[PDB]
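**Q** Here is the sequence, then the experimental structure:
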Amino acid sequence: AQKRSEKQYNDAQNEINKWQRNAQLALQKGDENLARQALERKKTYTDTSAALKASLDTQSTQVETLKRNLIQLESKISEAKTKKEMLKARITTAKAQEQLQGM
Amino acid sequence: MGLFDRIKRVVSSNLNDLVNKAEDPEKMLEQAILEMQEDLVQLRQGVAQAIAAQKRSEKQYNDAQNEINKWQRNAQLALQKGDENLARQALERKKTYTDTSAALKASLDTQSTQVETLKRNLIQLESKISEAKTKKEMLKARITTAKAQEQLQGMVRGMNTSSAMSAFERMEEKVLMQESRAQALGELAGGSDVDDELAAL
Amino acid sequence: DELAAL
């Protein structure tokens, strides 16, 4: 979902420059009418770019926290997997000591 | 206050809490989006009718404008063939068309403004629905964050939210107790001297 | 401002 959001942001950003170029093409060929209309429409894209980037930032923060949590969980499971072998060692210690007392 | 009001408030407060437990976020988010889009579709058709009416009005304006020049040409034809009678009568009638042209264009302008506002509103609605469609995925991410964090806490020693940890800790304690039994049985039935070498070196 | 450009 983060990838999708960033792609949308990029596309809106590209269209902003596209309509700026259309305004310049109006200046080269057309007149003030089309040149001004291009930016009139570009208003909306400039709005949406920021309106989207605001949320893209929070999305990025969420993804970072999730990645951190996943790494933490992996580490803790590894710790448990070591504790299992330590417990087996304790079982053997118990049985050895019980063997000694029986003597 | 009343009594029947109070009884019905209790019954309602029970039914509502019964329903609000059945709602599930992952599905109701999608249902809300689906109905959102349905409504947008049904608004498109109203905008389309507005546009069609504008086309009709402009066409009528154009036809009246054309007839103005037609009757001017008829006056000129009278000047070429007929006399002042028909030449003046053509413009006498053309008076009405000149009136109607402006009387119609006045309203055509407002119609155009309305259609422009409607188009703007439709674009705005599309943008907002897209924003909601992104928020849905952000909320799913939040759900996953919540479940991951709840998984992490279940890993701590002193809480029993997770069955796997419950079993793991239970076996751990069982084994520690077994080892303690062995040690106690060892005790029950039954370094100064070597620290001297540390003085040698 | 674009009106100044052209």
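**A** Noted; the coordinates are in hand. Numbers count the residues shown, from 1 in each chain, chains lettered A, B, ... in the order given.

**Q** dump the residue contacts of residue A:23.
**A** A:34, A:35, A:36, A:38, A:39, A:42, C:2, C:5 (CB atoms under 8 Å, 6 or more residues apart in numbering or on different chains). (Each C-beta comes from the backbone N, C-alpha and C, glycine too.)

**Q** for these, which one is nearest chain B?
**A** residue A:42 (13.7 Å; CB to the nearest CB).

**Q** so what does whatever helix or strand that closest one lives in touch, helix or strand wise?
**A** Following DSSP states H and E, one finds residue A:42 within helix A:32-101. Counting by 3 or more CB pairs under 8 Å, 6 or more residues apart in numbering or on different chains; DSSP states H and E, the packing neighbours recorded for helix A:32-101 are helix A:2-28, helix B:84-153, helix B:163-189, helix C:2-5.

**Q** Just the buried ones among the contacts of residue A:23, please.
**A** A:35, A:36, A:38, A:39, A:42, C:2 (16 or more other CB atoms under 10 Å in any protein chain shown).

**Q** hang on, the third one packs against residue A:20?
**A** Yes - using CB atoms under 8 Å, residue A:38 is in contact with residue A:20, at 7.2 Å.

**Q** Spatially, which pair of the contacts of residue A:23 is furthest apart? Let me know, please.
**A** Pairwise distances across these peak at 13.4 Å for A:42 and C:5 (criterion: CB to CB).

**Q** hmm, who's touching stretch A:51-64?
**A** A:1-2, A:5-6, A:8-9, A:12, B:131, B:134-135, B:138, B:141-142, B:145.

**Q** so who does the residue in chain A positioned nearest to chain C touch?
**A** Residue nearest to chain C within chain A: residue A:27 (4.2 Å; CB to the nearest CB). Residues near residue A:27 by CB under 8 Å, 6+ apart: A:35, C:2, C:5, C:6.

**Q** go again using 10 Å as the cut-off
**A** Residues in contact with residue A:27 (CB atoms under 10 Å, 6 or more residues apart in numbering or on different chains) are A:34, A:35, A:36, A:38, C:2, C:3, C:5, C:6.

**Q** Check residue A:18 too.
**A** Counted by CB under 10 Å, 6+ apart, residue A:18 has contacts A:11, A:38, A:42, A:45.

**Q** ditto for residue A:38
**A** Taking CB under 10 Å, 6+ apart as the test, what residue A:38 contacts is A:18, A:19, A:20, A:21, A:22, A:23, A:24, A:25, A:26, A:27, A:30, C:2.

**Q** again with residue A:78
**A** Residue A:78 neighbours (CB under 10 Å, 6+ apart): none.

**Q** what's residue A:102 sitting at in phi/psi?
**A** Main-chain torsions, residue A:102, degrees, to the nearest 10: phi -60, psi -10.
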